[PDB]
Chemist: 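I have a structure here, written as C-alpha cells, and I will follow up with some questions on it.
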Amino acid sequence: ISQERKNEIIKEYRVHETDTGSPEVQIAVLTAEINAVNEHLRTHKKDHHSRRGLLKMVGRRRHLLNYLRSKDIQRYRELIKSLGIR
RNA sequence: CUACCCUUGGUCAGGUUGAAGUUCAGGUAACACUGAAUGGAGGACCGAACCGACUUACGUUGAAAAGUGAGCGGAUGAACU
RNA sequence: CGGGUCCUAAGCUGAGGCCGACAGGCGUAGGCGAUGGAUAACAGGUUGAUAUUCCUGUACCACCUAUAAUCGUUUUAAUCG
RNA sequence: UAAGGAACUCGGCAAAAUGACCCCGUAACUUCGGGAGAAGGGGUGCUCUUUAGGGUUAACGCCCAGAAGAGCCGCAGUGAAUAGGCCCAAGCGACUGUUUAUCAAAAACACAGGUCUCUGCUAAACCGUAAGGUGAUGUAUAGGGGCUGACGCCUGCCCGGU
RNA sequence: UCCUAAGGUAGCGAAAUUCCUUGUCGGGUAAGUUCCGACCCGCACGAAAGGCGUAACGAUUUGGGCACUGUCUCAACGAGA
RNA sequence: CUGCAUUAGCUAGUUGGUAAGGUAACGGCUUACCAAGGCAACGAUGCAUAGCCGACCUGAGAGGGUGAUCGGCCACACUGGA
RNA sequence: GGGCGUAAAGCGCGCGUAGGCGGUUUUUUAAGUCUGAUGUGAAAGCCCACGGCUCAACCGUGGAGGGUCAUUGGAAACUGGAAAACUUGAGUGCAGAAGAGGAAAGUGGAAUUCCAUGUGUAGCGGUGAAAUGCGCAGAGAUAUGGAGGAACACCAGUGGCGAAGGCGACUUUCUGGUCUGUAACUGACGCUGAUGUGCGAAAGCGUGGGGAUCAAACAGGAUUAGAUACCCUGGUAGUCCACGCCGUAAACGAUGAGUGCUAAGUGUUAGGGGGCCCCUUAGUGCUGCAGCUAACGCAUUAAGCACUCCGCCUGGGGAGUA
RNA sequence: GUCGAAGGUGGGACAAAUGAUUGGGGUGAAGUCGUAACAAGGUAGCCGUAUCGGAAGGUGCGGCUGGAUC
RNA sequence: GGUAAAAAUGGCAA
Ligand SMILES: [Mg+2]
Ligand SMILES: [Mg+2]
Ligand SMILES: [Mg+2]
Ligand SMILES: [Mg+2]
Ligand SMILES: [Mg+2]
Ligand SMILES: [Mg+2]
Ligand SMILES: [Mg+2]
Ligand SMILES: [Mg+2]
Ligand SMILES: [Mg+2]
Ligand SMILES: [Mg+2]
Ligand SMILES: [Mg+2]
Ligand SMILES: [Mg+2]
Ligand SMILES: [Mg+2]
Ligand SMILES: [Mg+2]
Ligand SMILES: [Mg+2]
Ligand SMILES: [Mg+2]
Ligand SMILES: [Mg+2]
Ligand SMILES: [Mg+2]
Ligand SMILES: [Mg+2]
Ligand SMILES: [Mg+2]
Ligand SMILES: [Mg+2]
Ligand SMILES: [Mg+2]
Ligand SMILES: [Mg+2]
Ligand SMILES: [Mg+2]
Ligand SMILES: [Mg+2]
Ligand SMILES: [Mg+2]
Ligand SMILES: [Mg+2]
Ligand SMILES: [Mg+2]
Ligand SMILES: [Mg+2]
Ligand SMILES: [Mg+2]
Ligand SMILES: [Mg+2]
Ligand SMILES: [Mg+2]
Ligand SMILES: [Mg+2]
Ligand SMILES: [Mg+2]
Ligand SMILES: [Mg+2]
Ligand SMILES: [Mg+2]
C-alpha cells in the first residue's frame, strides 16, 4: 500500500498522536495490506511466493489481535467491528 | 399397407426418487469445505391409458389368410398418435 | 355451427425464364393448399322422423336507407388512408 | 387334493408361491449415482376411554389426521378383488433404445466416446442428361465417408506384397 | 543352424474359439459329459474386423440354492363348453 | 492401579429435567413425559489379557519382574435363571 | 544414565493449532516448593535391637521404615496466579540499500531445423575403423528470402535473491521478502510446534494446444562368443504452453528451529560511521586456536560451551515386503 | 398378564484351521547363463522416475559426489 | 580435442 494510504490508516486508528506501534495501528495497516495482496492473488493465482508473505501477515495480525483481546477486550471489540474482521 | 421424411395438431390416471443451483448456519486471509433448508434434474423408478410382442395354452376346412386367454416390456421419451 | 365469398405451412402449380433427342424436367413473380391463425347466439319448447338451423324469449355482427345531437368545409386539420 | 416336494423335464415349461400400506432393518461390490423394495423380520378387524394436532369458520359445525390405554370376536382382520418371488455365481452386450409386418428380439443394429481419411467453399460427398438441388442459408470446434464402440488400463512387431 | 517384410508383445486361454475331450486337478452333488475355480501340450486367442477388465442395466444365455407347488411318485373328485 | 490406534469415533435410558413407583438408602434404579444432551486424541468405543493388595525375586540405586504358601478385600459353588 | 556430518537416526521445505517453554523490576497471593503438628498407611514380612529354642534356621517382643495421603500451622527465594511498571526481545514509524524473489503481458538478437530460389559439383556425413543414411531426380557447400519452436553468448563471480524446490536477454504492470541507520511509537505482544494446512526438481498422468532442438521406446548400421548395450544414422512419447493431478529425489551442508557465549588472519556482496586507512552491521568464502571428535574432521557460517521445543534411532537380512 | 433362562430363525462381524493352484523369501553341491558393482572395474557410480530387455541390467530426464587422469 | 577397437571367467579352507 502507498505510504500516503498507510499514513491515513495510522491517523484513523492511532490511539494517541505520534502513536505508530499500538496493536490498533499495526492491525489496521496489516488489514489493508492483506486485502491488497488478496486482490493481487485474484488476478495472479499462481504467485505462490506473494501468498506466503500474505500468510505471514495474517499470522502477525492474529498474534496482535490475540494480545489485544488479552489486554483490553473493549479495545479489541471496537477494532474488529471498525475493521470488519471476524 | 408399410419405411423414412416434411408441415401442422393431439395424448401420456396416480404414486416415487431427489441432480445442479440457491439460501441460511458454521468455517476460511480469501477459497476449499461441512450441516440443514430450499430446489425440482433424469433416453430415472413403480404403475393404468396408450404403444409393444418375451413365454405359454388355445385356435390350425380358425370367431381370425397371424387371433384369443393368462402372464410379459416400455410407459416425459431415440414416446405414442 | 363446420367449410366457401378471409389467412397462410408442408406441398402442389407456375406468365415470362433456364435446361432437355421428342415427350418433357426445373424454376421466378404470382396462385392453390388446413392438420394451424382470424372470425357475430344463447336458454327453453317442439316431431314418428331436424334443430345453436323450426318456434318462443332475449342477443350479437356486417351492410344499406332516412332523420341526426355534434364536428368540418379545399396549403386544408373534420374525414378516408 | 393324503404323504412326499423337481424325484418331472432338453430345461421347474406350466402351475404354485410373493404381492397393499406402515414400522424396523438391509451385504459384497461400485463409475460413489447406485446395488435397494437388497435380504430378513414385525404390524394391519371391531368397541370403548383418555388424549397432540392441522384446514375452514364469530362460533357452532364441517373436513383431515395422530397417540396411549383398556376391552371384544373368529380358523383367519390389505378377512373379497386388484398390487414384486428371492438369493448366489459365470458368459455376452456398457447403458435407454432398434430389428426379420406373418417361425429368429438376440450376443445382431444403433448409441454417446475413440480414430483414420476426404473436404478452403460454386467444398468434398450425393441426386439429376442437364437445368436445378441436397450438403448449408453451414464454412475445418464445419461437412461427407471407413472402422471401432460407455468407462478403466492399454493397443507391441512388419511398408516385402496390394 | 536355416529362413522371413517381420516372426505374436501385454493381457487372456479346453474359451460364443480346444479336434483329441466327458483333458487334468480342485469345488459343488449320494452320484455332475453341464457349471465354477485352477492348470497351459492355444488342433485353430491376441490388441480399434480392438485386447483385457468392469459398477449399473437385460422378456439375453448358463449353473447352483431358498420358497413353492398335480411337474412328478400316481392319480382322484368336482364345475362349465 | 493394563497392553493395542494396522481399534476413532461412541451412546438413545443414552445425558439432563419433571412426576410417580421402587430400595435400608441416594440415584435412570425403573417407568411415562419434556429437552438434546453425555463421552472421546488428558485415548472414548472395541479387542486381548488379568482376581487386587500387604508382599515376593532381582538391582548400588533408580528401576525391572511377579502376585505360591500366610493375612486383608473381591468373585465363584455342575452350567444358566429365579 | 545414550544418541542422530560420514556408524542406525534431522520430516524436502514453509504457514501455523493444541501443548511445552519464555526478558527485567516492584507489590501481593500461596497452587507448586520448603518447614512442623495431628490422624492414618492392619497384622505378618524386610531392616535394626533384644530375648527363647544346645547353635542356626525358626519363634517371640520392641523399634525403624514404607503416601504421589488427608487435615491444619508457619516460610517465601524460585515456578505458578493477580496487580503495577520497564525496554534490552519482538514488532511499528521514519530515512536509506541491493537483488536471475514471484505472477502477467509485450519486445529483441544469435543459432538449429525445414521450405523456396541463384551459383555450383561428386560427394557429404560419420567412426577406432566402418557402415546404415543423404546425394547425383543436383547433395554437401555458398548467397538471399521465408516459416516455426525452444533457449537466452558475452556480462557471470565459493556473485545475488528465495522457506525449500528454485530463479540468468530486455521492457512494462502487479506483488513478496531481506539488510543498514535512526530511535517516533507499542510494551514481552516471544520461541518451538504433535495433529493440521500449503509449497515442492525431474520423470509420469489427464484435457486442450504446440512441436524447432534433443531424445526413452522403437528401426537400421556397427562391435561382439553373444550385444536385447556402449559407438553411428534415424526416430515416437516426452522435452514447450495452459489448466488440473502426482508428492517423490544423494529433495544434501547426508548437519531441525530459536537464543546467548567462546583466539585470531584474510577475500568478497549490500550498507553505516570516522579519519587510502580505521571502526561497525548483515550476508558469503578460505585459513586457523581453545574446545570437541572413533577417526576423518568441525571450529563465531561449530560438529565448541549452554537453555527451550519438535522430528528421529536402538544388530544385519527377511523388508520398506505382507 | 408383564418381565423372563434356555431354545429356535435370520442377516451381518471377527478369529482360527484347511484348500486345487500360485507368489516372493530363506537355506542347501564345486549345477546352467552371462559379468552388473568394487581400480578410470574397462560406458564413474549412486538417487528419484519412465520405458525396454533371459538375467544381472540398458537407455532417456533431473539430481548428488559418497567420482573424475592429464 | 581427441581416440587406437576388442579385452569373459577362475569352489571354500589355511
Ligand atoms: Mg423411464
Ligand atoms: Mg395379452
Ligand atoms: Mg425398467
Ligand atoms: Mg413402468
Ligand atoms: Mg414447377
Ligand atoms: Mg412456359
Ligand atoms: Mg382447420
Ligand atoms: Mg334423431
Ligand atoms: Mg398334494
Ligand atoms: Mg398336504
Ligand atoms: Mg432330475
Ligand atoms: Mg428322469
Ligand atoms: Mg414360469
Ligand atoms: Mg444391449
Ligand atoms: Mg432394452
Ligand atoms: Mg417374425
Ligand atoms: Mg418372436
Ligand atoms: Mg463392432
Ligand atoms: Mg495394431
Ligand atoms: Mg471343464
Ligand atoms: Mg478374434
Ligand atoms: Mg485390427
Ligand atoms: Mg468389441
Ligand atoms: Mg482369569
Ligand atoms: Mg545396574
Ligand atoms: Mg547413516
Ligand atoms: Mg534439512
Ligand atoms: Mg506393618
Ligand atoms: Mg515436468
Ligand atoms: Mg542414438
Ligand atoms: Mg523420502
Ligand atoms: Mg562474516
Ligand atoms: Mg563390469
Ligand atoms: Mg561401469
Ligand atoms: Mg534399449
Ligand atoms: Mg575365487
Side-chain angles (χ1 to χ4, degrees):
Chain A
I1 72 177
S2 180
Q3 188 176 358
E4 173 184 358
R5 168 56 180 173
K6 183 172 61 177
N7 286 357
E8 164 174 358
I9 288 293
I10 81 129
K11 294 172 192 173
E12 181 179 359
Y13 289 92
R14 59 187 172 186
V15 152
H16 66 91
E17 183 184 299
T18 72
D19 173 57
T20 56
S22 171
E24 284 76 2
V25 167
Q26 287 191 60
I27 293 302
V29 179
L30 278 166
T31 300
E33 301 266 17
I34 285 156
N35 295 359
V37 182
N38 258 302
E39 272 292 303
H40 163 76
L41 288 175
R42 289 175 183 116
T43 298
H44 310 263
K45 310 179 187 293
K46 309 289 288 296
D47 185 358
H48 298 315
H49 288 68
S50 293
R51 171 167 267 114
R52 184 184 172 245
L54 165 56
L55 287 188
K56 286 163 159 287
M57 292 186 292
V58 166
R60 193 154 57 248
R61 194 178 67 185
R62 180 63 275 165
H63 281 206
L64 278 164
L65 284 169
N66 293 324
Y67 169 79
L68 185 58
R69 183 184 57 239
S70 304
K71 224 198 176 198
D72 194 301
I73 315 90
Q74 176 67 7
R75 281 208 296 163
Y76 173 84
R77 278 186 280 116
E78 176 181 359
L79 184 61
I80 64 174
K81 65 170 178 53
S82 302
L83 284 173
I85 43 184
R86 190 49 49 191

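Each chain gets a letter, A, B and so on, in the order its sequence line appears, and its residues count up from 1.
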Chemist: Would you call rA100(G) syn or anti, using the 90° rule around 0?
Modeler: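 What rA100(G) shows is an anti base, its glycosidic angle lying more than 90° from 0.
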Chemist: Under a 3.5 Å limit on both key distances, is there a Watson-Crick or G-U wobble pair between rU24(G) and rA222(G)?
Modeler: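 Pair flag for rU24(G) and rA222(G) is false.
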Chemist: Counting distance only, does the side-chain N/O of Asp72(A) pair as donor-acceptor with the main-chain N or O of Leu68(A) below 3.5 Å?
Modeler: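 No; judged by distance alone, with no hydrogens or angles, the pair does not exist.
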Chemist: If a pair has to be Watson-Crick or G-U wobble with both distances under 3.5 Å, does that hold for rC134(G) and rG320(G)?
Modeler: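 Pairing fails for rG320(G) and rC134(G), missing the Watson-Crick or G-U definition.
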Chemist: Under a 3.5 Å limit on both distances, do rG97(D) and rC109(D) form a Watson-Crick or G-U wobble pair?
Modeler: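 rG97(D)/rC109(D): base pair present.
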Chemist: Just checking, are the bases of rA82(G) and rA83(G) stacked by our 5.5 Å, 30° definition for the six-membered rings?
Modeler: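 When the rule is applied to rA82(G) and its neighbour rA83(G), the answer comes out as yes.
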Chemist: Please state the P separation for the pair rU54(E) and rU69(E) - nearest whole angstrom.
Modeler: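 39 Å, rounded to whole Å.
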Chemist: Can you see a Watson-Crick or G-U wobble pair between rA237(G) and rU223(G), using both distances under 3.5 Å as the test?
Modeler: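 No pair, by the stated definition.
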Chemist: Is it the case that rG128(D) and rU129(D) stack, meaning their six-membered ring centres lie under 5.5 Å apart and the ring planes differ by under 30 degrees?
Modeler: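 No, the criteria are not both met.
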Chemist: Should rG45(C) and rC54(C) count as paired, given that a pair must be Watson-Crick or G-U wobble and both distances must be under 3.5 Å?
Modeler: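 Between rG45(C) and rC54(C), a qualifying pair exists.
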Chemist: With syn defined as a glycosidic angle within 90° of 0 and anti as the rest, where does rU35(G) land?
Modeler: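 Here the answer is anti: the torsion falls beyond 90° from 0.
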Chemist: Please tabulate, one pair per line, all N/O donor-acceptor pairs under 3.5 Å involving side-chain atoms of residues 77-86 of chain A, not counting sequence neighbours.
Modeler:
| residue | atom | partner | partner atom | Å |
| --- | --- | --- | --- | --- |
| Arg77(A) | NH1 | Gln74(A) | OE1 | 2.8 |
| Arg77(A) | NH2 | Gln74(A) | OE1 | 3.2 |
| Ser82(A) | OG | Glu78(A) | O | 2.7 |
| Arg86(A) | NH2 | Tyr76(A) | OH | 2.6 |

Chemist: How far, in whole Å, is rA14(E) from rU33(E) if one measures between their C1' atoms?
Modeler: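 To the nearest whole Å, 13 Å.
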Chemist: Which nucleotide of RNA chain G is the first, and which the last, in the 5' to 3' direction, to come under 4.0 Å of a heavy atom belonging to chain A?
Modeler: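 It runs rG14(G) to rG244(G).
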Chemist: Can you confirm whether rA97(G) and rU28(G) pair in Watson-Crick or G-U wobble fashion, both distances under 3.5 Å?
Modeler: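 Verdict: no pairing.
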Chemist: Between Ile9(A) and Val25(A), is there a side-chain heavy-atom distance shorter than 4.5 Å?
Modeler: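 When only atoms from C-beta onward are counted, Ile9(A) and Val25(A) do not touch, as no gap falls below 4.5 Å.
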Chemist: Any idea if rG157(G) is syn or anti, going by the 90°-from-0 cut?
Modeler: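 For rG157(G), whose glycosidic angle is within 90° of 0, the conformation is syn.
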Chemist: Could you tell me whether the sugar of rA156(G) is north or south, judging only by the sign of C1'-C2'-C3'-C4'?
Modeler: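 Taking the sign of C1'-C2'-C3'-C4' as the criterion, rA156(G) has a south sugar, on the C2'-endo side.
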Chemist: Looking at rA3(D) opposite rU73(E), are both of their pairing distances below 3.5 Å, so that they form a Watson-Crick or G-U wobble pair?
Modeler: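 Indeed, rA3(D) forms a Watson-Crick or wobble pair with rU73(E), both distances being under 3.5 Å.
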Chemist: If the glycosidic angle is within 90 degrees of 0 it's syn, otherwise anti, so just tell me which one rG210(G) is.
Modeler: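 Here the answer is anti: the torsion falls beyond 90° from 0.
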Chemist: If a pair means Watson-Crick or G-U wobble with both distances below 3.5 Å, are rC153(D) and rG51(E) one?
Modeler: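 Yes.
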Chemist: Rounded at 0.5 Å granularity, tell me how far NE2 in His44(A) sits from OG in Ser50(A).
Modeler: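 The OG atom of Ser50(A) is 9.0 Å from NE2 of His44(A), to the nearest 0.5 Å.
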Chemist: May I ask you to say whether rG33(C) and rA34(C) are base-stacked, judged by six-membered ring centres under 5.5 Å apart and ring planes under 30 degrees?
Modeler: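 For these two strand neighbours, the answer is no: their six-membered rings do not meet both cut-offs.
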Chemist: Nearest whole Å is fine: how far is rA32(B) P from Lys45(A) NZ?
Modeler: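 In whole Å, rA32(B) P lies 11 Å from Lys45(A) NZ.
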Chemist: Which nucleotide, in any strand shown, forms a Watson-Crick or G-U wobble pair with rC199(G), with both distances under 3.5 Å?
Modeler: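 Partner of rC199(G): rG12(G).
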Chemist: More 5' along RNA chain G: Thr18(A) or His44(A), using each one's nearest nucleotide?
Modeler: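 The residue whose closest nucleotide sits nearer the 5' end is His44(A).
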Chemist: Round to a whole Å and report the spacing from CZ of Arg86(A) to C1' of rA29(B).
Modeler: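 Distance check: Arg86(A) CZ to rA29(B) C1' gives 12 Å.
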Chemist: In this structure, are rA141(G) and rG140(G) stacked, using the six-membered base rings with centres under 5.5 Å and planes under 30°?
Modeler: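 Stacked: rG140(G) and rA141(G) meet both the distance and angle limits.
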Chemist: Taking a pair to be Watson-Crick (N1-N3 plus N6-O4 or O6-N4) or G-U wobble (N1-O2 and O6-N3), each under 3.5 Å, are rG42(B) and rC12(B) paired?
Modeler: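 Result no; criteria under 3.5 Å not both met.
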Chemist: Checking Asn66(A) against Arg62(A): is there a side-chain donor and acceptor pair closer than 3.5 Å?
Modeler: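 A donor-acceptor contact under 3.5 Å links the two side chains.
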Chemist: For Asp19(A) and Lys56(A), take the nucleotide of RNA chain G holding the closest heavy atom to each; which residue's nucleotide lies nearer the 5' end?
Modeler: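 Nearest-nucleotide comparison on RNA chain G picks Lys56(A).
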Chemist: Do you know which of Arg14(A), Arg75(A), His16(A) makes side-chain contact (heavy atoms from CB on, under 4.5 Å) with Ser22(A)?
Modeler: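 Of all the options given, the one that passes is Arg75(A).
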Chemist: Would a student be right to call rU119(D) and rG120(D) stacked, given the definition of ring centres under 5.5 angstrom and plane angle under 30°?
Modeler: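 By the ring-centre and plane-angle rule, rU119(D) does not stack on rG120(D).
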Chemist: Looking at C1'-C2'-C3'-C4', which way does the sugar of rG149(D) lean, north or south?
Modeler: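 A south-puckered sugar, given its negative torsion.
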Chemist: Hey, does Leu54(A) have a side-chain heavy atom less than 4.5 Å from the side chain of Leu41(A)?
Modeler: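 When only atoms from C-beta onward are counted, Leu54(A) and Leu41(A) do touch, with a gap below 4.5 Å.
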Chemist: Going by Watson-Crick or G-U wobble geometry, both distances under 3.5 Å, is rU56(B) a partner of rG69(B)?
Modeler: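 Verdict: paired bases.
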